[PDB]
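**Q** First the structure, then my questions, so here it is.
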Amino acid sequence: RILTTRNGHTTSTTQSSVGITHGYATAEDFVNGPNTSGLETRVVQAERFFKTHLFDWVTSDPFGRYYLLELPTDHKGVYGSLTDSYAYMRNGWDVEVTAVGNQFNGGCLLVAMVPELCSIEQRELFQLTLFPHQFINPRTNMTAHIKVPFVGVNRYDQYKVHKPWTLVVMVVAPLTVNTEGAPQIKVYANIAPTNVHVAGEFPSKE
Amino acid sequence: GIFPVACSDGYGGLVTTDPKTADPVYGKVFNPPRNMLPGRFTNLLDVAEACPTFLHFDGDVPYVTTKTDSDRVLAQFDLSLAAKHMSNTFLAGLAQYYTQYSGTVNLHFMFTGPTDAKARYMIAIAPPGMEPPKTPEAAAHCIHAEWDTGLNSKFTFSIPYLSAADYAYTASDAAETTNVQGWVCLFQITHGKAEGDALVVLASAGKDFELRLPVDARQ
Amino acid sequence: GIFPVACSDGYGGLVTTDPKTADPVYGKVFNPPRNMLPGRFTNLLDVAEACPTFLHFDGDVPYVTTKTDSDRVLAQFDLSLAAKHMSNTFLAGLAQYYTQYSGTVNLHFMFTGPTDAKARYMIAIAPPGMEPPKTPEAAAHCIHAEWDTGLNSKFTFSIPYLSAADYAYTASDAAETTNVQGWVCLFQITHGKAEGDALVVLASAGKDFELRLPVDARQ
Amino acid sequence: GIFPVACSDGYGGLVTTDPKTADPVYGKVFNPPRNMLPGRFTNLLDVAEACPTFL
Amino acid sequence: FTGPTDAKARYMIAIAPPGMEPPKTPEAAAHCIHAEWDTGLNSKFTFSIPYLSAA
Amino acid sequence: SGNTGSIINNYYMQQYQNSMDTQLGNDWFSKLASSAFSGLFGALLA
Amino acid sequence: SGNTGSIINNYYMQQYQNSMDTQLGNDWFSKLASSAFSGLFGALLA
Amino acid sequence: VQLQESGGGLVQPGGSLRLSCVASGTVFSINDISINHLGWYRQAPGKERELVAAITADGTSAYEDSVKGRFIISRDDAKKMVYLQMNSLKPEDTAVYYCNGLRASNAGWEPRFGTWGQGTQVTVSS
Amino acid sequence: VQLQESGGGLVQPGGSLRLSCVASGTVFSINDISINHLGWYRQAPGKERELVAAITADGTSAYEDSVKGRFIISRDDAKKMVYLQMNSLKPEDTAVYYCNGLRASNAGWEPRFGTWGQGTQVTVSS
Amino acid sequence: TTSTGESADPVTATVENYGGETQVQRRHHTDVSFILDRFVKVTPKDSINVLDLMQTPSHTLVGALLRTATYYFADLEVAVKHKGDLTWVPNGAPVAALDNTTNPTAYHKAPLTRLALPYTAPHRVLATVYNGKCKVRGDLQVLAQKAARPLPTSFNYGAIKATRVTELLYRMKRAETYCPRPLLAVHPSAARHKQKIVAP
Amino acid sequence: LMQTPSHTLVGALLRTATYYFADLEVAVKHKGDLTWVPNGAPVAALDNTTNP
């Protein structure tokens, strides 16, 4: 079950994959609108991967433990400079989460992309399967793949005052090692912006 | 002379759910374009079929671990949308605003333990009028299905809609006697070296589920 | 029997902007002929495009004189129809009766000094989110234009409409912080023997300017 | 101007056997099927002809 | 890859062109030309170092 | 074509509702705003 | 097609009763619920 | 869902008691009503708890022929309370009284229809 | 646009003061309201002017833990005035108080949102 | 019916798996346009009220069913019981305009007054939840953040003012909803939470 | 429908059938506001205004 993704001049290959999940749409809608006066432009040098560390999955975490990650985060490449060079942006996301332990472990994880998550309740965790999601079960697979478009009440956004997405990873069944599995597991991510657009140049630095 | 008319008694009051409109005040307003935005839904019973949600078992966990002993019952509960085991799903949350229902309800089971743990389960439905079964031998005489773990780690079973009337109530938190719609029973037949491994379970609507008569009880 | 009707509750009051008429009292009146009189206008946004009006700079004068020193900023102000520099034009006077707008705004610059005085200017727009530039070098990285004096003594520049929403407010006299729509900055690049000469500046609507939602705040 | 009408005196009261209807409140309700059930009667003078009774 | 059937791993390889010190951490090397694979049924991988220069 | 939005014909004849105009035998600004010069004036490069 | 059940046309023009939509040139769940897999997966006997 | 009572404790025989049923509120469900049939039960030490009386939806009242004619029962639905009158005090009153509801089967009234009660005891001994 | 205050001057320590905020009227603009969050600031000689308290749109009130529990604040919107109560007088009250509004950012309240104030000073020394 | 769990793909199992029969469905009562079209009471204030759809209580039928959508659009109707005269003002207008009569004013006529208002916000769509706030001083930070996590201020349909307001009810028309969210029921303490149905 | 007295015209003529079907109209003279609630609904819903 091999799958190979490529964004720009970077690649990524996995051998235990159960597909891609397209959440909330499969295409992108109208980019040119009456609000930019026709001054937008695309940047293809900004669409590629970058990595980060999420948390360590120990055998002592009960059901309901979660980890939040706000998108777009502090980045240093060309994308992290776009937010310093322009005033309005829009782009979709492409996420991939990996938890590597041998096939003699037990437990389950659940990754999901949630628009505008602000302090979900405790009972609301039982219904997190309404958003685009995927499970990570060491018995079977080790990777998750999701794709999301740009959503918002505006056609272009100001990322210094609004973060429209959120990647949240929850524990539905605790980890078990059974004297044959790995003592613990570390979770990493891999993210690439898709279909970026910019408008409204800024003055210089100083 | 002008057209004579006869104002009628008992007609014309205000009713909060009548099918008629009001009078306009502000005219010629145009909206910003909103066509083809991602993620629309029109019927609230399509997100209930496309997206299932977790059940609730004793201990605040959505799963049931395998037992190593002479008792083989994993979970047993009444068949009702007001049951305690269904108090956190999207189905009960939506059904609390209607009075009657009918149709199928689906259940999904997923196995989690390692590659060298195997198990075997069974699920039955007991119609009302006789106490429910406690042992798999006795439950083998109801409507039942039976599966086991493998490469495909999920199973799906449809609780049939069986009754005398054509519709059934969603209300009446019982906390009492007199079951009306029956029970469902999950059993563990046997298992090999699977102590402590969990089986998560979800719930969702069926092909022909239906919901009628809206009401407002402030829940 | 006569046609029965049902008088309704909540309908029929008086509203000062409803679309309906009154009953006639005096009939068969003929008017004197008034066809083709000179100087008609139908839309109040056509005299705003055909006829620009003067701006207001510090000193109660509609112009800005060339400076002979190391500071090169001539005028800088927020982009809003409620700004102080726009308080005397026909555009602000008309826009004070609406709540929202959108589109382009035009600016006209005219040079006055003698035939042996020459100059060179530049104009930029800084979008919101970062303090505006003070020097032409720094403003060279925005949207800008640059001209100079000659035989044609006038220039015209269109401030683009750039924002997240589709419409923007005309209200909120600020006298405070938190700019919303940006600034515009007029600079003087260089000049030859033009000390004391003035540059008058006017303002007018654009091709696609639009104005909506009338209101009455008694101004 | 709007269409002028003349409300009339002596008309419009409530009568318990008039031929007219009321206003709906609750809409889109469907009934369970009841077609061809055994033992129907439409006129109360047909069970008086089909079934005599004792003196 | 050589280890037993119950050992799994994940690797990454990058190239840093001349003019700036090379990266020490995978996060920092994620901004070069790179590839990333993992162990499975096919135990081999192949990567081509591009020829990039002025001359 | 003012601020009126009913779709049923008026009840009274047009002779009683309004006054009638006669003929003898603004609106210059909509011709004037249409004749404005848009293009560039000099030779254009780039 | 909301909760409205009269059979006689509205009195006021559509321009005054509601606001008018424009065009530029949910509902994904009704496509998603239709693509669900119903049949059995393995070989079937009996 | 669980009914409270008050007015008991240690009391001397020969007084006058009015036991009160401080209900939890009777959150009871759907408009299917007019099966509102409450009652009172007594309980003996180590001997099965026995009925005393039962009130029907509107007006009928029956008692155990041991206490028949001596006690008076009535309910007040406008405020949703029910009480028990205790006159003609005998030594037989030493029992714990439970304010609860009835089932009204074909043979006889069946019990709750509830979780359980707490109870109030009236033991009189001279 | 500029708020006036009254009730200050030269006062002896140990009295009872109610500082009053004679607003210019608060001509404040569009229906975007419920961000009405006023406050009070104190200022020290040559030392940066510090906050004292802040009132939220409806009911929440916070104070500097130096004066916490000692002062009472409340606003009256029906007539659009806000006041400051001064009880438990200490030597620490020697500061000029500014009746102004707040910004309510993520980290902390930010200042005006205004041109500036005039102020009233309450210096007490025994 | 077996399948892969992690794949997150929908799968439904009918009663034909064990010999049953699949019947006819009628789902008219769950449509968004239908169910959200009815009046809902709101606690009003004496003089000035800002018409915002997040003032319906979250436990009522319309309140919660609205709150299971992230973005929405609708027109509005209000029914007001007042004394004096009632003046409406569009989105984003000065608060001095609440005193001027040229703005749509309905003269008092008993018992109440029902109106129909358009949608006048500048955005293409509204929102029920917004992630803008990007989230000793113990109480300070509490009441700072508690008031620093509301919605933006341009999410409203206007304002009304009268000499006194006694009732105020909302009704939505042409409702559309995007991107669903959780919706929860009352959690029973015992084995079941039962309403006392109509029964004597 | 079994609350009509058995001696009236409608009461008895209805009671000479074992099974029946009909819609309903009511005419009420009251004070305050009147709330209707469908078959089989909780008795708390008699206080909520969203019901007709």
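Just so we're on the same page: first chain in the structure tokens is A, next is B, and so on; residues restart at 1 for each chain, and ligands are numbered from 1 in the order they show up.
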Within 12 Å of chain B, which residues belong to chain F? Use only C-alpha atoms and report them as an MDAnalysis selection string.
**A** chainID F and resid 2:6
**Q** Would you mind exporting N, CA and C atoms of the selected residues as a tab-separated table (two decimals), in the first residue's frame?
**A**
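The resulting file, part_35.tsv, is shown below:
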```tsv
chain	number	residue	atom	x	y	z
F	2	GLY	N	-40.13	55.64	-8.53
F	2	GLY	CA	-39.58	56.12	-7.28
F	2	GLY	C	-39.42	55.01	-6.28
F	3	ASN	N	-39.90	55.22	-5.06
F	3	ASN	CA	-39.88	54.20	-4.01
F	3	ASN	C	-41.28	53.59	-3.90
F	4	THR	N	-41.65	52.77	-4.88
F	4	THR	CA	-42.97	52.14	-4.89
F	4	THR	C	-42.82	50.72	-5.42
F	5	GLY	N	-43.44	49.76	-4.74
F	5	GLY	CA	-43.17	48.37	-5.03
F	5	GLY	C	-44.35	47.43	-5.11
F	6	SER	N	-45.56	47.95	-5.25
F	6	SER	CA	-46.73	47.08	-5.41
F	6	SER	C	-46.78	46.53	-6.82
```
**Q** Residues of chain K that have any atom at most 10 Å from an atom of stretch 16-34 of chain D: could you tabulate them with the shortest-distance atom pair and the distance in Å to one decimal, using only C-alpha atoms, ordered by chain and increasing number, as a Markdown table?
**A**
```
| residue | atom | partner | partner_atom | distance |
| --- | --- | --- | --- | --- |
| K:21 | CA | D:34 | CA | 9.5 |
| K:25 | CA | D:22 | CA | 7.5 |
| K:26 | CA | D:22 | CA | 9.3 |
| K:27 | CA | D:22 | CA | 9.8 |
| K:36 | CA | D:25 | CA | 9.7 |
| K:38 | CA | D:26 | CA | 9.6 |
| K:51 | CA | D:26 | CA | 9.9 |
| K:52 | CA | D:25 | CA | 6.9 |
```
**Q** Hey, can you spit out that residue selection with N, CA, C and O atoms as a PDB file, in the first residue's frame?
**A**
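Just written: out-v6.pdb:
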```
ATOM      1  N   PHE K  21     -61.334   7.659  12.489  1.00  0.00           N
ATOM      2  CA  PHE K  21     -60.252   8.547  12.094  1.00  0.00           C
ATOM      3  C   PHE K  21     -60.837   9.915  11.782  1.00  0.00           C
ATOM      4  O   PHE K  21     -61.884  10.003  11.142  1.00  0.00           O
ATOM      5  N   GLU K  25     -60.595  20.368  15.014  1.00  0.00           N
ATOM      6  CA  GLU K  25     -60.623  21.813  15.171  1.00  0.00           C
ATOM      7  C   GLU K  25     -61.098  22.117  16.577  1.00  0.00           C
ATOM      8  O   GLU K  25     -62.003  21.447  17.076  1.00  0.00           O
ATOM      9  N   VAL K  26     -60.500  23.113  17.213  1.00  0.00           N
ATOM     10  CA  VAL K  26     -60.905  23.514  18.551  1.00  0.00           C
ATOM     11  C   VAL K  26     -61.187  25.006  18.556  1.00  0.00           C
ATOM     12  O   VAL K  26     -60.651  25.763  17.742  1.00  0.00           O
ATOM     13  N   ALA K  27     -62.047  25.423  19.481  1.00  0.00           N
ATOM     14  CA  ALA K  27     -62.414  26.822  19.670  1.00  0.00           C
ATOM     15  C   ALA K  27     -62.330  27.117  21.157  1.00  0.00           C
ATOM     16  O   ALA K  27     -63.127  26.593  21.938  1.00  0.00           O
ATOM     17  N   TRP K  36     -50.170  24.792  22.137  1.00  0.00           N
ATOM     18  CA  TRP K  36     -50.515  23.425  21.771  1.00  0.00           C
ATOM     19  C   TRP K  36     -49.251  22.583  21.660  1.00  0.00           C
ATOM     20  O   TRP K  36     -48.178  23.100  21.345  1.00  0.00           O
ATOM     21  N   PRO K  38     -47.824  18.452  20.477  1.00  0.00           N
ATOM     22  CA  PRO K  38     -48.252  17.251  19.750  1.00  0.00           C
ATOM     23  C   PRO K  38     -48.348  16.030  20.651  1.00  0.00           C
ATOM     24  O   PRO K  38     -48.084  16.069  21.852  1.00  0.00           O
ATOM     25  N   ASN K  51     -43.370  26.458  20.667  1.00  0.00           N
ATOM     26  CA  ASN K  51     -44.484  25.626  20.256  1.00  0.00           C
ATOM     27  C   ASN K  51     -45.655  26.518  19.859  1.00  0.00           C
ATOM     28  O   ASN K  51     -45.793  27.627  20.373  1.00  0.00           O
ATOM     29  N   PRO K  52     -46.511  26.053  18.950  1.00  0.00           N
ATOM     30  CA  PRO K  52     -47.536  26.936  18.381  1.00  0.00           C
ATOM     31  C   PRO K  52     -48.356  27.636  19.451  1.00  0.00           C
ATOM     32  O   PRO K  52     -49.134  27.012  20.168  1.00  0.00           O
TER      33      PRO K  52
END
```
**Q** Could you list, as a list in words, every residue within 8 Å of residue I:62, counting only C-alpha atoms and ignoring same-chain residues fewer than 5 positions away?
**A**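 What passes the distance filter is residues 53, 54, 55 and 68 of chain I; 139, 140 and 143 of chain J.
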**Q** Set out as JSON lines a contact list for chain B and chain J with a cut-off of 6 Å, giving each residue of chain B that qualifies its closest atom pair and distance in Å to one decimal, counting only C-alpha atoms, ordered by chain and rising residue number.
**A**
```
{"residue": "B:16", "atom": "CA", "partner": "J:39", "partner_atom": "CA", "distance": 5.4}
{"residue": "B:17", "atom": "CA", "partner": "J:38", "partner_atom": "CA", "distance": 5.3}
{"residue": "B:22", "atom": "CA", "partner": "J:116", "partner_atom": "CA", "distance": 5.7}
{"residue": "B:23", "atom": "CA", "partner": "J:116", "partner_atom": "CA", "distance": 5.9}
{"residue": "B:24", "atom": "CA", "partner": "J:116", "partner_atom": "CA", "distance": 5.3}
{"residue": "B:32", "atom": "CA", "partner": "J:124", "partner_atom": "CA", "distance": 5.2}
{"residue": "B:34", "atom": "CA", "partner": "J:124", "partner_atom": "CA", "distance": 5.7}
{"residue": "B:39", "atom": "CA", "partner": "J:179", "partner_atom": "CA", "distance": 5.2}
{"residue": "B:40", "atom": "CA", "partner": "J:178", "partner_atom": "CA", "distance": 4.4}
{"residue": "B:42", "atom": "CA", "partner": "J:32", "partner_atom": "CA", "distance": 5.6}
{"residue": "B:43", "atom": "CA", "partner": "J:31", "partner_atom": "CA", "distance": 4.4}
{"residue": "B:44", "atom": "CA", "partner": "J:30", "partner_atom": "CA", "distance": 5.5}
{"residue": "B:50", "atom": "CA", "partner": "J:10", "partner_atom": "CA", "distance": 5.9}
{"residue": "B:83", "atom": "CA", "partner": "J:192", "partner_atom": "CA", "distance": 5.0}
{"residue": "B:84", "atom": "CA", "partner": "J:191", "partner_atom": "CA", "distance": 5.3}
{"residue": "B:87", "atom": "CA", "partner": "J:187", "partner_atom": "CA", "distance": 5.7}
{"residue": "B:93", "atom": "CA", "partner": "J:185", "partner_atom": "CA", "distance": 4.3}
{"residue": "B:152", "atom": "CA", "partner": "J:4", "partner_atom": "CA", "distance": 5.2}
{"residue": "B:153", "atom": "CA", "partner": "J:4", "partner_atom": "CA", "distance": 5.9}
{"residue": "B:154", "atom": "CA", "partner": "J:2", "partner_atom": "CA", "distance": 5.4}
{"residue": "B:155", "atom": "CA", "partner": "J:2", "partner_atom": "CA", "distance": 4.9}
{"residue": "B:156", "atom": "CA", "partner": "J:1", "partner_atom": "CA", "distance": 5.6}
{"residue": "B:172", "atom": "CA", "partner": "J:194", "partner_atom": "CA", "distance": 3.8}
{"residue": "B:173", "atom": "CA", "partner": "J:194", "partner_atom": "CA", "distance": 2.1}
{"residue": "B:174", "atom": "CA", "partner": "J:194", "partner_atom": "CA", "distance": 5.0}
{"residue": "B:175", "atom": "CA", "partner": "J:192", "partner_atom": "CA", "distance": 5.2}
{"residue": "B:208", "atom": "CA", "partner": "J:25", "partner_atom": "CA", "distance": 5.3}
{"residue": "B:212", "atom": "CA", "partner": "J:29", "partner_atom": "CA", "distance": 5.9}
{"residue": "B:216", "atom": "CA", "partner": "J:61", "partner_atom": "CA", "distance": 5.6}
{"residue": "B:218", "atom": "CA", "partner": "J:60", "partner_atom": "CA", "distance": 5.1}
{"residue": "B:219", "atom": "CA", "partner": "J:59", "partner_atom": "CA", "distance": 5.4}
```
**Q** Hey, can you spit out that residue selection with N, CA, C and O atoms as a compact mmCIF listing (two decimals), in the first residue's frame?
**A**
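Dumped to result-v5.txt:
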```txt
# COMPACT_ATOMS: atom_id res chain seq x y z
N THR B 16 -47.23 31.61 16.29
CA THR B 16 -45.79 31.69 16.10
C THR B 16 -45.26 30.75 15.03
O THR B 16 -44.07 30.79 14.71
N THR B 17 -46.10 29.87 14.48
CA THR B 17 -45.67 28.99 13.40
C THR B 17 -46.61 29.01 12.20
O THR B 17 -46.81 27.97 11.58
N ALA B 22 -44.40 39.02 6.41
CA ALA B 22 -44.58 40.36 6.93
C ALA B 22 -44.45 41.39 5.80
O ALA B 22 -44.37 41.05 4.62
N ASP B 23 -44.46 42.66 6.19
CA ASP B 23 -44.45 43.74 5.20
C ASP B 23 -43.07 44.36 5.09
O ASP B 23 -42.42 44.60 6.11
N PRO B 24 -42.60 44.67 3.88
CA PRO B 24 -41.23 45.17 3.72
C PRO B 24 -41.09 46.63 4.11
O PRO B 24 -42.04 47.41 4.01
N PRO B 32 -23.40 40.45 -1.05
CA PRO B 32 -22.12 39.98 -1.59
C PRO B 32 -22.24 38.54 -2.06
O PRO B 32 -23.04 37.77 -1.51
N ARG B 34 -21.87 34.67 -2.46
CA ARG B 34 -21.50 33.58 -1.57
C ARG B 34 -21.61 32.21 -2.22
O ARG B 34 -21.64 31.21 -1.51
N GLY B 39 -18.49 22.98 2.11
CA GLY B 39 -19.02 22.33 3.29
C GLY B 39 -20.45 22.64 3.64
O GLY B 39 -20.74 23.01 4.78
N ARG B 40 -21.37 22.48 2.69
CA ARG B 40 -22.77 22.79 2.95
C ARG B 40 -23.54 21.55 3.35
O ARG B 40 -23.20 20.43 2.99
N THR B 42 -27.92 20.48 3.98
CA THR B 42 -29.30 20.95 3.87
C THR B 42 -30.23 20.21 4.82
O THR B 42 -31.11 20.83 5.44
N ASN B 43 -30.08 18.90 4.94
CA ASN B 43 -30.88 18.08 5.84
C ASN B 43 -30.02 17.68 7.02
O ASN B 43 -28.91 17.19 6.83
N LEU B 44 -30.53 17.88 8.23
CA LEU B 44 -29.77 17.52 9.42
C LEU B 44 -29.65 16.02 9.62
O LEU B 44 -28.95 15.60 10.54
N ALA B 50 -23.47 10.36 7.56
CA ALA B 50 -22.10 10.44 7.08
C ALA B 50 -21.07 10.44 8.19
O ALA B 50 -19.88 10.22 7.92
N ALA B 83 -31.52 6.33 26.18
CA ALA B 83 -30.71 5.49 27.06
C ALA B 83 -29.47 6.24 27.51
O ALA B 83 -29.08 7.25 26.92
N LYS B 84 -28.84 5.75 28.58
CA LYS B 84 -27.66 6.42 29.11
C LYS B 84 -26.44 6.21 28.21
O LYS B 84 -25.64 7.13 28.02
N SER B 87 -26.10 8.89 25.44
CA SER B 87 -26.34 10.27 25.84
C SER B 87 -25.35 11.25 25.26
O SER B 87 -25.53 12.46 25.44
N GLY B 93 -28.71 13.69 20.65
CA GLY B 93 -28.77 15.13 20.72
C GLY B 93 -29.76 15.73 19.75
O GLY B 93 -30.45 16.70 20.06
N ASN B 152 -9.36 -7.01 8.28
CA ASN B 152 -10.38 -5.97 8.37
C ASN B 152 -10.88 -5.88 9.80
O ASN B 152 -11.53 -6.81 10.29
N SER B 153 -10.60 -4.76 10.46
CA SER B 153 -10.79 -4.63 11.90
C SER B 153 -12.11 -3.99 12.29
O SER B 153 -12.23 -3.53 13.42
N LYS B 154 -13.09 -3.94 11.40
CA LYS B 154 -14.33 -3.23 11.67
C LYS B 154 -15.50 -4.12 11.28
O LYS B 154 -15.38 -4.95 10.39
N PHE B 155 -16.63 -3.94 11.97
CA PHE B 155 -17.86 -4.66 11.69
C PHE B 155 -19.03 -3.70 11.84
O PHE B 155 -18.93 -2.69 12.53
N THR B 156 -20.14 -4.02 11.19
CA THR B 156 -21.32 -3.15 11.18
C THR B 156 -22.58 -4.00 11.21
O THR B 156 -22.72 -4.95 10.44
N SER B 172 -39.49 9.80 27.30
CA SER B 172 -39.64 8.96 28.48
C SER B 172 -38.32 8.37 28.98
O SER B 172 -38.10 7.16 28.87
N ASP B 173 -37.44 9.24 29.47
CA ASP B 173 -36.40 8.79 30.40
C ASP B 173 -37.04 7.95 31.49
O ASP B 173 -37.82 8.45 32.31
N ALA B 174 -36.69 6.67 31.52
CA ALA B 174 -37.45 5.70 32.31
C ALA B 174 -37.09 5.79 33.79
O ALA B 174 -37.93 6.15 34.62
N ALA B 175 -35.83 5.48 34.13
CA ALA B 175 -35.41 5.33 35.52
C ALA B 175 -36.42 4.48 36.28
O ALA B 175 -36.69 4.74 37.46
N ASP B 208 -33.09 3.98 6.25
CA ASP B 208 -34.47 4.44 6.30
C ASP B 208 -34.87 5.01 7.65
O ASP B 208 -36.05 4.92 8.01
N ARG B 212 -39.89 12.79 13.14
CA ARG B 212 -41.06 13.61 12.85
C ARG B 212 -41.55 14.31 14.12
O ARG B 212 -41.17 13.96 15.23
N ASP B 216 -40.25 21.41 21.63
CA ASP B 216 -39.27 22.22 22.35
C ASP B 216 -39.45 22.03 23.85
O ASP B 216 -40.31 22.67 24.46
N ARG B 218 -36.79 22.48 25.99
CA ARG B 218 -35.66 23.20 26.58
C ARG B 218 -34.63 22.25 27.18
O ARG B 218 -34.44 22.22 28.39
N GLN B 219 -33.99 21.46 26.33
CA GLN B 219 -32.85 20.67 26.75
C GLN B 219 -31.57 21.21 26.11
O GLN B 219 -30.47 20.84 26.51
```
**Q** List the spatial neighbours of residue F:9 as a VMD selection string - criterion: any atom at most 12 Å away, only C-alpha atoms, same-chain residues fewer than 5 positions off excluded.
**A** (chain C and resid 20 to 21) or (chain D and resid 1 to 3) or (chain F and resid 4 14) or (chain G and resid 11 to 12)
**Q** Between atom CA of residue C:202 and atom CA of residue C:52, measure the distance and give it in Å to one decimal.
**A**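 Spanning atom CA of residue C:202 to atom CA of residue C:52 is a straight-line distance of 6.1 Å.
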**Q** Could you name the residues that touch residue J:130 at 9 Å or less, counting only C-alpha atoms, but leaving out those on the same chain fewer than 4 positions away, as a ChimeraX atom specification?
**A** /A:116-118,162,164 /J:70,149-152
**Q** Would you save the residues of that selection, restricted to N, CA, C and O atoms, as a short mmCIF file (atom, residue, chain, number, x, y, z; two decimals), in the first residue's frame?
**A**
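Wrote it out as part-v1.cif, contents follow:
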```cif
data_model
loop_
_atom_site.label_atom_id
_atom_site.label_comp_id
_atom_site.auth_asym_id
_atom_site.auth_seq_id
_atom_site.Cartn_x
_atom_site.Cartn_y
_atom_site.Cartn_z
N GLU A 116 -11.70 26.82 13.46
CA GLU A 116 -12.00 27.77 14.53
C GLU A 116 -12.32 27.07 15.85
O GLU A 116 -13.38 27.23 16.43
N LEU A 117 -11.35 26.29 16.32
CA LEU A 117 -11.50 25.56 17.58
C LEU A 117 -11.07 26.47 18.72
O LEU A 117 -9.94 26.97 18.74
N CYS A 118 -11.97 26.69 19.68
CA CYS A 118 -11.70 27.48 20.87
C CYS A 118 -12.27 26.74 22.08
O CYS A 118 -13.45 26.88 22.39
N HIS A 162 -6.12 36.40 12.98
CA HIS A 162 -7.08 35.32 12.81
C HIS A 162 -6.38 34.09 12.27
O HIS A 162 -5.69 34.16 11.26
N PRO A 164 -7.52 30.47 10.98
CA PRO A 164 -8.81 29.83 10.70
C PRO A 164 -8.85 28.33 10.92
O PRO A 164 -9.95 27.77 11.02
N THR J 70 -21.15 26.47 11.64
CA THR J 70 -20.06 27.42 11.84
C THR J 70 -20.33 28.72 11.10
O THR J 70 -20.01 29.80 11.60
N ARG J 149 -12.70 37.22 24.57
CA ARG J 149 -13.11 36.16 23.64
C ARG J 149 -14.59 36.25 23.24
O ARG J 149 -15.30 35.24 23.26
N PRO J 150 -15.11 37.45 22.87
CA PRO J 150 -16.40 37.49 22.18
C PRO J 150 -16.24 37.49 20.67
O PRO J 150 -15.12 37.40 20.17
N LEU J 151 -17.34 37.60 19.95
CA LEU J 151 -17.29 37.68 18.50
C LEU J 151 -17.02 39.11 18.05
O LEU J 151 -17.16 40.05 18.84
N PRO J 152 -16.63 39.32 16.79
CA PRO J 152 -16.52 40.68 16.27
C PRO J 152 -17.84 41.42 16.34
O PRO J 152 -18.91 40.84 16.55
#
```
**Q** Select, from J:129, J:50, J:198, J:159, the residue with the minimum atom-to-atom distance to residue J:97, counting only C-alpha atoms.
**A**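 Of all the options, J:159 lies closest to residue J:97.
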**Q** How would you write, as a PyMOL selection string, the set of residues in chain D that DSSP gives as helix (DSSP H, G or I)?
**A** chain D and resi 47-50
**Q** Store the residues picked out above in a file with C-alpha atoms, as a short mmCIF file (atom, residue, chain, number, x, y, z; two decimals), in the first residue's frame.
**A**
```cif
data_model
loop_
_atom_site.label_atom_id
_atom_site.label_comp_id
_atom_site.auth_asym_id
_atom_site.auth_seq_id
_atom_site.Cartn_x
_atom_site.Cartn_y
_atom_site.Cartn_z
CA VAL D 47 -76.70 -0.80 9.00
CA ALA D 48 -80.36 -0.14 9.80
CA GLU D 49 -81.35 -2.04 6.65
CA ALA D 50 -78.74 -4.80 6.83
#
```
**Q** Can you list, as JSON, numbers by chain, every protein, DNA or RNA residue that comes within 12 Å of residue B:130 when you count only C-alpha atoms, leaving out same-chain residues fewer than 3 positions away?
**A** {"B": [125, 126, 127, 133, 142, 178, 179, 180, 181, 182, 183]}
**Q** Please provide the set of residues having any atom within 8 Å of residue B:104, restricted to only C-alpha atoms, with same-chain residues fewer than 5 positions apart removed, written as a PyMOL selection string.
**A** chain B and resi 158-161+205-209
**Q** Output C-alpha atoms of each residue in that selection to a file, as a compact mmCIF listing (two decimals), in the first residue's frame.
**A**
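The new file out.txt reads:
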```txt
# COMPACT_ATOMS: atom_id res chain seq x y z
CA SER B 158 -28.18 -3.02 11.83
CA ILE B 159 -30.68 -3.17 14.70
CA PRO B 160 -33.99 -3.96 12.95
CA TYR B 161 -37.06 -1.83 13.54
CA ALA B 205 -28.36 6.41 11.53
CA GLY B 206 -29.52 3.91 8.93
CA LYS B 207 -30.82 3.90 5.38
CA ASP B 208 -34.47 4.44 6.30
CA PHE B 209 -34.29 6.26 9.64
```
**Q** Using 7 Å as the limit and counting only C-alpha atoms, can you tabulate each residue of chain D that touches chain B, with its shortest atom-to-atom distance in Å and the two atoms involved, as a Markdown table?
**A**
```
| residue | atom | partner | partner_atom | distance |
| --- | --- | --- | --- | --- |
| D:4 | CA | B:2 | CA | 6.8 |
| D:5 | CA | B:3 | CA | 5.6 |
| D:6 | CA | B:4 | CA | 4.9 |
| D:7 | CA | B:5 | CA | 5.3 |
| D:8 | CA | B:6 | CA | 5.7 |
| D:11 | CA | B:6 | CA | 5.6 |
| D:12 | CA | B:8 | CA | 4.3 |
| D:13 | CA | B:9 | CA | 5.6 |
| D:14 | CA | B:9 | CA | 6.1 |
| D:25 | CA | B:18 | CA | 5.4 |
| D:32 | CA | B:166 | CA | 6.9 |
```
